[PDB]
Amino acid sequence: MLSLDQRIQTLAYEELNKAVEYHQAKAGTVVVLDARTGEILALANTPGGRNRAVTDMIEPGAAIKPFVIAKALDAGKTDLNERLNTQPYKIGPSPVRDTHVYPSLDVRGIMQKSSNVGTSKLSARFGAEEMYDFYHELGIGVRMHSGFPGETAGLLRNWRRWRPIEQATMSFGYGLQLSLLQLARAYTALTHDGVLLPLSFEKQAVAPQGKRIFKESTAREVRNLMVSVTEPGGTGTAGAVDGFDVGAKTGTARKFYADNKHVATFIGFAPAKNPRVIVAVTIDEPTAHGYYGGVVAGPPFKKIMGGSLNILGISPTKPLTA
């Protein structure tokens, strides 16, 4: 009744190592989930030993943004028509800025281009306590109880202690921490139509009892926005998979912060409209051939996702061209 798939596990570990070596990185992790039941199909770590997917806390960076955008849509604090001013700004001395100046974006653009500014403005429409409860409901700070030793709850600071700038940076993934397994888990709220899943190391005959975070319509709209990340104009085109539409988010978190020391993340699901698989890839401190999540973690995501769909017998939803 173990949920692991050895063929997916082998594929994930082989592609993970190829990427870690090619980019001359220190380490990497991969999680592959059943997008419908939360069954864990593969967990891969390199270099060997410690189960970093389970034990290692990371700041998720921009990989948290889909949930902030989803929450803002779900509560009616924005909609798919609003064009937000996304010029850089400061809260006191601390800047909030994107990799480019975008004068304005709608929420599709905020997702597609990965705007820290736009996401922080959406989050700022909620009180600190509301955002704190929301992050907790996503499971940040809540142990997975995977059964592995060395597992931590993650980090979610008490909202009463938050500075306004800290609520802002949390909304684009700094100042809170979770493991790649917890982050991959959060994505089941988007794939499983607004219902967060527990995840399991056992095969699930039916999707288990979960917990609603978003309306079903919100999740479906947000999955559609995330397809823009793998299409031209998005930050994650390296993750597009032949024959499928892929909903994804890229992340490029600085470590501590540092100039040129990063954690590159790529997380996505497919078929985007009716997801079957979530693949999450993190590459720790690439030093060659790029450092952003799309360029670094996209290519292994593409290979692991495409191979996982084929292994599982999922038919392409559009004609193959490659």
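For every residue, the number given is its place in the sequence shown, counted from 1.
Modelled in this chain, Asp284 is likewise resolved in all the other entries of the protein that span it on both sides, not missing from even a third of them.
Of the other structures of this protein that model both sides of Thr55, every one gives it coordinates; not a third omit it. According to the entry, the deposited sequence has 4 to 9 residues without coordinates between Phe256 and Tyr257. Mean CA B-factor, 118-126 versus 181-189: the higher value falls on 118-126. Mean CA B-factor, 72-80 versus 152-160: the higher value falls on 152-160. When the C-alpha B factors of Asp133, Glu202, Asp242, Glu216 are read from the deposited coordinates, the top value falls at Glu202. When the CA B factors of the chain's modelled residues are split into thirds, the value for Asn260 lands in the highest one. Among all modelled residues in this chain, the alpha-carbon of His23 has a temperature factor (C-alpha) in the middle third. For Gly48, the recorded CA temperature factor ranks within the highest third of the chain's modelled residues.
In this PDB entry, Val295 carries a Cα temperature factor that places it within the middle third of its chain's modelled residues. In the PDB entry, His100 places in the highest third of its chain by CA B-factor.
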